[PDB]
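one piece of my complex first, more on the way:
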Amino acid sequence: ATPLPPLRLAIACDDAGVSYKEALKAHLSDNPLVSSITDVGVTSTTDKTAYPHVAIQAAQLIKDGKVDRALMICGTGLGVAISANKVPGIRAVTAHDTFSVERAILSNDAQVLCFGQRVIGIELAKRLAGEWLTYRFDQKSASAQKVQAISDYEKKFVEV
């Protein structure tokens, strides 16, 4: 069935990302490269919970080994990416083109992909999310040494 192992995903959004979230969730449920989707929420546009909370929660699922990656939607995709990058060991991007989406994995080993619902169209979002799943980072690559410099910097800090 699948040449590549399926990934476990978290999906998450703020009130501005609800509709693309549901369409993307349905689209990805049909994909054999996805073995599970955990919905962090929000579930409704009335829910005014701020983007940092949701982004940090979804990133914590990755940190705890409960999912492999997270797909995050807000107005622009910016706030959730900033917030997820604040979690030690988590690398997050907003990527709105096919080349960036490939490099987000192959160069940056980024576990979190963020979209701006108000900025890109749904079919492009679906296409990008689908392609994202087909790339797997090489830990022995030249790119991994650069990622290691980010991790080296993160070693400056401890949680108190």
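Ah, there it is. Numbering: from 1, shown residues only, chains lettered A, B, ... in the order given.

center of chain A - which residue?
residue A:112 (2.4 Å; C-alpha atoms, centre = their mean).

pull the contacting residues for it.
By C-beta atoms under 8 Å, 6 or more residues apart in numbering, the contact set of residue A:112 is A:55, A:58-59, A:62, A:69-72, A:80-81, A:84, A:90-93. Where you see a C-beta, it was placed from the backbone N, CA and C, and this is true even at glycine.

name the nearest residue to it, ignoring sequence neighbours.
Leaving out its chain neighbours, the residue that sits closest to residue A:112 by C-beta to C-beta, 6 or more residues apart in numbering is residue A:92, at 3.5 Å.

would you confirm that that neighbour contacts residue A:78?
No. Using C-beta atoms under 8 Å as the test, residue A:92 is too far from residue A:78 to be in contact (10.5 Å).

the two: which has the busier surroundings?
Comparing residue A:92 with residue A:78 by other C-beta atoms under 10 Å, the one with more neighbours is residue A:92, at 26 against 14.

residues touching the more buried one, list them.
Contacts for residue A:92 (C-beta under 8 Å, 6+ apart) come out as A:55, A:59, A:72, A:80-81, A:83-85, A:110-114.

so which of these sit within helices?
A:55, A:59, A:80, A:81, A:83, A:84, A:85 (DSSP state H).

isn't residue A:60 up against residue A:87?
Yes. Applying C-beta under 8 Å, one finds residue A:60 in contact with residue A:87, separated by 6.7 Å.

who has more neighbours, the two?
It is residue A:87, of residue A:60 and residue A:87, that has more neighbours when counted by other C-beta under 10 Å, with 20 against 17.

for the residue lying closest to residue A:16 once chain neighbours are set aside, what are its contacts?
In space, residue A:16 comes closest to residue A:75 once its chain neighbours are excluded; the distance is 4.0 Å by C-beta to C-beta, 6+ apart. The neighbourhood of residue A:75, defined by C-beta under 8 Å, 6+ apart, consists of A:14, A:16, A:17, A:116, A:117, A:118, A:119.

bridging residues for the closest residue to the third one other than its chain neighbours?
For residue A:17, the nearest residue in space outside its immediate sequence neighbours is residue A:73; the separation is 3.2 Å by C-beta to C-beta, 6+ apart. Under the criterion DSSP bridges, residue A:73 forms beta bridges with residue A:13, residue A:115.

another chain to add, chain B:
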Amino acid sequence: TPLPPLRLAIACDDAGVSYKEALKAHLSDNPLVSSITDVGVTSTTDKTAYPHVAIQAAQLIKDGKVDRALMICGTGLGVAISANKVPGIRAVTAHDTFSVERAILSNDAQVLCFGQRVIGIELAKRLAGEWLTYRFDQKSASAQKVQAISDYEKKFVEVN
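With chain B now in place:
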């Protein structure tokens, strides 16, 4: 100029050099820029990894030396991830006019990143120009969300 000029840092890896030179030239003529500090690299020969230049530029903001940084690499992703690891720094990759505006007005993001291999130079110049014309409102509702990120960052302490 009706708005105060800003001090800028600019940075790139080897993949971002020609766009950095072009942007620097374009911005040096802009009355909204009071100074530009170029942290490098200055040649495609210089293989210094993107995290070092991004962290150096981000530290200039942290240390009150510049107001904002413009960073260029192949995709703009690696430098944004790197910059977001620096405490109190918020960085975006933003390749459209709506996202650039929201980066400032919603996210108070001091760092803007471009992918030389992903966007065209005229669009990059136009976006960097528009970026300077927005100023974050510290009294806004968006400031509460920004403070939420800042509060998370206080869980970590720099030991090294």
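
same as before for the contacts of residue A:75, with chain B this time.
Counting by C-beta atoms under 8 Å, 6 or more residues apart in numbering or on different chains, residue A:75 touches A:14, A:16, A:17, A:116, A:117, A:118, A:119, B:102, B:106.

do that again at 7 Å, thanks
Contacts for residue A:75 (C-beta atoms under 7 Å, 6 or more residues apart in numbering or on different chains) come out as A:16, A:116, A:117, A:118, B:102.

between which two of these is the distance greatest?
A:117 and B:102 (12.2 Å; C-beta to C-beta).

measure the residue nearest to the centre of chain A to residue A:105 for me?
Distance, residue A:112 to residue A:105, using C-beta to C-beta, to the nearest Å: 11 Å.

give me phi/psi at the closest residue to residue A:47 other than its chain neighbours?
Leaving aside its sequence neighbours, residue A:47 sits nearest to residue A:15 (C-beta to C-beta, 6 or more residues apart in numbering or on different chains; 5.9 Å). Phi and psi for residue A:15, reported as degrees, to the nearest 10, are phi -60, psi -20.

contacts only, for residue A:15.
A:42, A:45, A:47, A:48.

and these, which are buried?
Buried by 16 or more other C-beta atoms under 10 Å in any protein chain shown: residue A:42, out of those.

for residue A:45, list the residues it contacts.
Each residue near residue A:45 by C-beta under 7 Å, 6+ apart is listed here: A:15, A:18.

tell me the secondary structure of it, please.
With DSSP: H, G, I helix; E, B strand; the rest coil as the basis, residue A:45 sits in coil.

closest to chain B out of the contacts of residue A:15?
residue A:48 (10.0 Å; C-beta to the nearest C-beta).

let's verify that closest one: helix, strand, or coil?
Assigned by three-state DSSP, the conformation of residue A:48 is coil.

what's the spacing between the closest residue to it other than its chain neighbours and residue B:31?
Nearest non-adjacent residue to residue A:48, counting by C-beta to C-beta, 6+ apart: residue A:15, 6.0 Å away. Residue A:15 sits 39 Å away from residue B:31, going by C-beta to C-beta.

pull the number of nearby residues for the residue in chain A positioned nearest to chain B.
With C-beta to the nearest C-beta, the shortest gap between chain A and chain B falls at residue A:85, namely 3.5 Å. Residue A:85 has 27 neighbours, counted by other C-beta atoms under 10 Å in any protein chain shown.
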